[PDB]
Amino acid sequence: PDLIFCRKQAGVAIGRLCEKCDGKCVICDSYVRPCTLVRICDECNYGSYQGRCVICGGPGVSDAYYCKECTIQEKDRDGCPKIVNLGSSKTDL
Amino acid sequence: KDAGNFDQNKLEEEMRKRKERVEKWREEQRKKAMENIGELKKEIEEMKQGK
Amino acid sequence: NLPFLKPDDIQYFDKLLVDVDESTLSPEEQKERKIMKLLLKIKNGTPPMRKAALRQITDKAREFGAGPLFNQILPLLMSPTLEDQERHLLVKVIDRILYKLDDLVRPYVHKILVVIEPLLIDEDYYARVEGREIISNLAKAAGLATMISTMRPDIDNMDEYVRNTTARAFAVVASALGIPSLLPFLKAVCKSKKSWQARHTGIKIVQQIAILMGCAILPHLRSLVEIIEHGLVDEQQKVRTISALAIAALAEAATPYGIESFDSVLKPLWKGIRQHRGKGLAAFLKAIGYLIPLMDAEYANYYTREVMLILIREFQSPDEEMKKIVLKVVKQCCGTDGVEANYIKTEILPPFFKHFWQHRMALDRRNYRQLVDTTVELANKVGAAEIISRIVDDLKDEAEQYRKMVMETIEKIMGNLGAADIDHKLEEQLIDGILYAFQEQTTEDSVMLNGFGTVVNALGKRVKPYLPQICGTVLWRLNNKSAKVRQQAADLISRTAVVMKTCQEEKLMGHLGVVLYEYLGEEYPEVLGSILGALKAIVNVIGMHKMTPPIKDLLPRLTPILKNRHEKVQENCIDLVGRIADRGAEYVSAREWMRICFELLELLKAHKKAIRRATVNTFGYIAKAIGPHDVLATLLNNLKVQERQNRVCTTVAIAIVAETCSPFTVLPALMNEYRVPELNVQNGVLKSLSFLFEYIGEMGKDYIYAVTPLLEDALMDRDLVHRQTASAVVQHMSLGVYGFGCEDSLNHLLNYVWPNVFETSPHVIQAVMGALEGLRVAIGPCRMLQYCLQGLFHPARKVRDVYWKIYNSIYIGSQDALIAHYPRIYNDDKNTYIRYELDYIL
Amino acid sequence: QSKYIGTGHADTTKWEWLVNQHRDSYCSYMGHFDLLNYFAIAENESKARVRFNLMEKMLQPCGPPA
Ligand SMILES: [Zn+2]
Ligand SMILES: [Zn+2]
């Protein structure tokens, strides 16, 4: 259960999340004390990708944040925090 | 409360009456206006007149 | 091992399905056709397997043949089966082919121009963006001369759609191949007098380029105006309208500043306002509406005075194209700083109130929006009181259609200006109109519901003298027993609850509470949520026992309401139960509060985050009112029950106690819970301490040395599951005590956490890896790297695999912070290893 | 490109470790102010001089087998 991420050039696009995956951070995966807002790359909001959850990968209901234990560790300064892997790729069910 | 409720009802009735009066006044004003407008009577086809 | 095939890709699916031997017996370079099947691999297949096809075709497009390559690539995306992601992939492939086949794309210019043209005029913005990108790529592939020779003879399309498509294609080609690169050719081909087609297409391409570029029309502003000024005094009215549209588009693109080039046609724009007829005057007004805000302050008044001769006179528009243009021009003029509020109140207020401010547009949606926006924009300049005392009739009118727009405009004006410009008679008239609109709400008009709260907020302290009016209104709207009516009444009461109930009356509290708790069993969940919100607002404004419903009765009445599965109902009930214990908070038996807490403990991890936040907001006050010891003992006893599918939430509740009470309220009580020799008792205690130190915040620095041995004894070689818990506790306490002066206990814990690095459990290394990644960022690499330096070159192949990983984890974090932390690597005879550039004495 | 550049792995040679050490220790010299105004006082050279020296030393410092 090792989830992968895009980790591309963090553009000027804000993050999102689903109705159930809105609290936890896109990387820390915790509901405790959101610190900063998450972002996405250019290939994360493009046509069909407009307003999609960064964890559930579906509808967006809020803005994707990072956990305070994940922003103090400088984890938010990485690439696109979109949860995408070989299984969770573009051509997924 | 057997007197307070009655008072409230009376107040409501008064309010309703006032509203009715206002409506009547508005209607009268509209009627008066219909006496003469108003930008140029039916100013709608004047600006159009074909195309 | 690609995925399954599909019947929609049967155009070239004979490679992996049939015996299509292009190398055995087939035409020359027939394998490129199989490359189309490879394109299917880019569409149908894996992400890396799909990108490999593009990476290979990038180095093979030059040796594939431009003709067949284009003939196979264009129809692939021209078909309606080009999905969004499929369209993006096809666009990327075409761009790569053009970047590879630069000169070869010239003969295919007639193809993409016939394909990318409709796609650029699609409905979705993504389709138009992809079409513009494809057109720009095709233009950059060949030279500007090819694009000119392609788009020039395409003007013979008599169809208006084809002409607009050709104009947009030329504009897109010029927006990427250089505006001045195609400016002279276009100006030389369009400045003639062949027919109206070319004269219209010139202005069309100009407007399309100005719209596609955007803010990039600053340098080419005058360069384009010099060629566009030939239509300002054009003979044909169509050419004049096209020139006016192009000028308006350029002014909107180059706005707001930079009106120097606008002076080149500013004189005709200000003169022909009352000179043209019909479409000409309409286009002139549309251009002036954009040129006015960009104009200066001196000539702006003259331009407005010259345009008012044909604007205010023709305010009543026979059609919509004139009315919308006049409304937009009036809005733009009101936005400009030239015409002050005095001129607007003198020559703009009476005409706008006579020809526009009326109920004659009770059904035009576009007009109802445009007039409302213009009024909201002009109210800030002409004063809210100037319109608050002049729009108290459209809302009170019997016509609900125009009444909705009137109430919307009134709410917008109240939200923009506020409540300063509110006269006594004006305030009374507004209150009467709002009451008449709310009472005469024959339809589902949410505008009045949204404006009632704004009006109540604008009332402020004046709502106290106007108390009984709104009170009777809410009573008549609540006792109506209508579902939607009761919902709207509850919403309006909750919006204006703090303004009315908090007026220091102590008389309407009972009358409100008697009707609040009456309809407690509403079958409609929305009405139940609205009633719960109204009761919460009343309990926030009222006190104990100032509230009409008794606490000892509302508590047991609201208890089963929290058990409901409704989202909004439960979300409101949680806040209601929390605020019930807000001010006085006793108002209950301890058993009832304990049962409520045990019931709410299962909702602390709901899907909706609002319920999860409300549960934590209420449980804090619940535990503060009940007691530390009782709640702690209840949570501890609840640890064994509720097996690990929702058990962890109970631990979070314990953390809530740590967030609700002092640290010594759960520390000494939870410490005795570790003396039990049970495995999954100490395990649960550690799992709870994890979330405790992860949510306690900066309070761990006050008491961290007393919890060090409790974590050290659990970090020992006890089991394989009692190790992740201690490491998680350490990592969530280090980040919480970051730089607060508790590094001693951190070192004590790290002494034990380090030897646990050697663990082959794939699910147990992350619990120590995260601990190390937290300790690097909360301790400084000067000591973590000091530990991790001894084995950086250890002989064991499976010992460096962890040391180098920990070093990488401590390197990306504090990259330059560890530079002044390394030892002095002595100099060998084969190189210069010592960093002598840092051993100076200055 | 930027996957993990800055550190080797399980069988990283000592020379290839010291090379990255110096290559990432000069960037804290050309960028940091106290450790750049302190070296221009010892060598008695201007900021541009010392910075160009450190930049040219990034070709293959520490003793290159080139
Ligand atoms: Zn989600
Ligand atoms: Zn991404």
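Here every chain is numbered from 1 following its written sequence, which may not line up with the entry's numbers; residues without coordinates are dropped from view. Lettering for chains starts from A, numbering for ligands starts from 1, and both go in the order in which the items are written. Scope of values: the displayed chains only, which are part of a larger assembly. Excluded from the side-chain calculation are hydrogens and water; included are all heavy atoms of the structure. Residues with missing side-chain atoms are left out of burial classes, side-chain pairs and their counts.

For this deposited structure, the header cites cryo-EM as the method used and 4.1 Å as the resolution.

**Q** Whenever I open this one, the overall build of chain D confuses me. Can you help?
**A** For the purposes of this entry, the term helix denotes a DSSP run of H or I that reaches at least four residues, the term strand denotes a run of E that reaches at least two, and both are numbered from the N terminus. When its secondary structure is counted, chain D shows five helices and zero strands. Starting at the N terminus, the α and β elements of chain D follow one another as α-α-α-α-α. C-alpha atoms define the radius of gyration in this analysis, and the globule rule sets the expected value at 2.2 Å times the number of residues to the power 0.38. Relative to the 2.2 N^0.38 estimate, which gives 11 Å for 66 residues, the radius of gyration of chain D is 14 Å and therefore markedly larger than a compact globule would have. Projecting the C-alpha coordinates of chain D onto the three principal axes gives extents of approximately 40 × 25 × 20 Å. The method behind every accessible area is Shrake-Rupley, applied with a 1.4 Å probe, and residues are considered shielded solely by the protein chains displayed. Of the roughly 4,300 Å² of accessible surface on chain D, a fraction of 57% belongs to carbon and sulfur atoms. The charged-residue count follows a simple rule in which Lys and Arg add positive charge and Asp and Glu add negative charge, with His and chain termini not counted at all. A charge is said to be at NZ when it belongs to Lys, at CZ for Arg, at CG for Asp and at CD for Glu. With 7 positive and 7 negative side-chain charges, chain D shows a spacing of 4 Å between the two charge centroids.

**Q** Explain the UniProt feature "binding site: Zn(2+) 3" in chain A to me, please; I cannot follow it from the model alone.
**A** All names here are of chain A. UniProt positions are given in the numbering used here, feature names are shortened, and annotations may be inferred rather than shown by experiment. In the numbering adopted here, UniProt assigns the feature "binding site: Zn(2+) 3" to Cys25, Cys28, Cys67 and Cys70. These annotated residues cover 46 residues of sequence, but their C-alpha atoms sit close together, with the largest distance between any two at 8.2 Å. Within the element layout of this structure, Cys25 appears in the loop between β1 (13-14) and β2 (34-37). Among the secondary structure elements, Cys70 is positioned in helix α1 (residues 68-71).

**Q** When you look at the pattern of salt bridges in this model, what are you seeing that I'm missing?
**A** As a working rule, side chains carrying opposite charge can pair if their charged atoms are close by. What counts as a salt bridge is simple: a side-chain nitrogen of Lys or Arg found within 4 Å of a carboxyl oxygen of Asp or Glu. Here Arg783 of chain C and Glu743 of chain C are joined by a salt bridge, their closest N and O atoms 2.5 Å apart. Here the residue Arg783 of chain C occupies a position in helix α40 (residues 781-788), and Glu743 of chain C occupies one in helix α38 (residues 743-753), the gap between them amounting to 40 residues. The salt bridge involving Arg797 of chain C is made with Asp11 of chain D; its shortest N-O contact spans 3.7 Å. Of the two residues, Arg797 of chain C sits in the loop between α40 and α41 (800-812) while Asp11 of chain D sits in the segment before α1 (14-25), which places them in two different chains.

**Q** Which parts of the structure should I look at to understand the interface of chain C and chain A?
**A** A common measure of how large an interface is: the accessible area buried when the components associate. Whether two residues are in contact is decided by their heavy atoms, any of which lying within 4.5 Å being enough. Contact residues are listed per partner, giving 14 residues for chain C and ten residues for chain A. Those elements that place two or more of their residues in the side of chain C that touches chain A are α35 (679-695) and α39 (762-779) of chain C. For the side of chain C that touches chain A, the per-class residue count stands at six nonpolar, four polar and four charged. Put simply, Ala, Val, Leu, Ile, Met, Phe, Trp, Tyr, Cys and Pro go in the nonpolar bin, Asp, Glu, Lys and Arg in the charged bin, and everything else, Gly too, in the polar bin.

**Q** How should the packing of aromatic side chains be read in this particular structure?
**A** Any two aromatic rings considered together are summarised by their centre-to-centre distance and by the angle between their planes. Only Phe, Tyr and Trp rings take part, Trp by its six-membered ring, and two of them pair if their centres are within 6.5 Å. Stacked means planes under 30 degrees apart, edge-to-face means over 60, and tilted covers everything else. Ring plane angle 75 degrees and centroid distance 5.9 Å describe the contact between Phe793 of chain C and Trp17 of chain D, whose orientation is recorded as edge-to-face. On the criterion of chain membership, the pair formed by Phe793 of chain C in the loop between α40 and α41 and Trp17 of chain D in helix α1 is interchain, its members lying in two chains. Here the aromatic cluster, defined as three or more aromatic residues joined through ring pairs, consists of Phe793, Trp804, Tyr807, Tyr811 and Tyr822 of chain C together with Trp17 of chain D.

**Q** Would you take a moment to explain α39 of chain C for this structure?
**A** Three- or four-residue spacings in an α-helix give side chains the same orientation, since the helix completes a turn every 3.6 residues. One less than the number of residues in a helix, times 1.5 Å, gives the span that helix is expected to have. Taking 1.5 Å per residue as the helical rise, α39 of chain C with its 18 residues ought to reach 26 Å, and the 26 Å between its terminal C-alpha atoms agrees with that figure. In the stretch just after α39 of chain C, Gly780 of chain C is the one whose phi turns positive, near 90 degrees.

**Q** Explanation requested: the UniProt feature "binding site: Zn(2+) 1" in chain A in the structure shown.
**A** All names here are of chain A. UniProt tags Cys6, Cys41, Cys44 and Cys80 as "binding site: Zn(2+) 1". Spatially, the listed residues are clustered: although they cover 75 residues, their C-alpha atoms lie within 8.8 Å of one another. Mapped onto the elements, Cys44 comes out in the loop between β3 (39-40) and β4 (65-67). The residue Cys80 is located in the segment after α1 in this model.

**Q** Help me understand the interface of chain C and chain D, please; the structure alone is not making it clear to me.
**A** Taken together, the contact pairs 22 residues of chain C with 26 residues of chain D. Partitioned by chemical class, the residues of the side of chain C that touches chain D number 13 nonpolar, three polar and six charged.

**Q** Looking at this structure, I do not really get the packing of helix α24 (residues 483-495) of chain C against helix α27 (residues 525-541) of chain C. What am I missing?
**A** Packed helix pairs are specified by the crossing angle of their axes together with the interaxial distance, meaning the distance between the axes. Residue and element names in this part refer to chain C. Every angle, taken between N-to-C directions, lies between 0 and 180 degrees, and every axis is a line fitted to C-alpha atoms, over only the stretch in contact when it is a helix. Between α24 and α27, whose axes approach to 9 Å, the crossing angle comes to 25 degrees. In terms of axis orientation, α24 runs roughly parallel to α27. Along this stretch, α24 crosses α27, giving a crossing that reads as left-handed. Contacts between α24 and α27 pair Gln487, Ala490 and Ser494 from the former with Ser530, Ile531, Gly533 and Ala534 from the latter. Looking at side-chain class alone, the contact of α24 with α27 contains three nonpolar, four polar and no charged residues. Any angle between 65 and 115 degrees counts as roughly perpendicular, while under 35 counts as roughly parallel, over 145 as roughly antiparallel, and the rest as oblique. Put simply, a crossing is left-handed when the front helix is turned counterclockwise from the back one by less than a right angle, and right-handed when it is turned clockwise.

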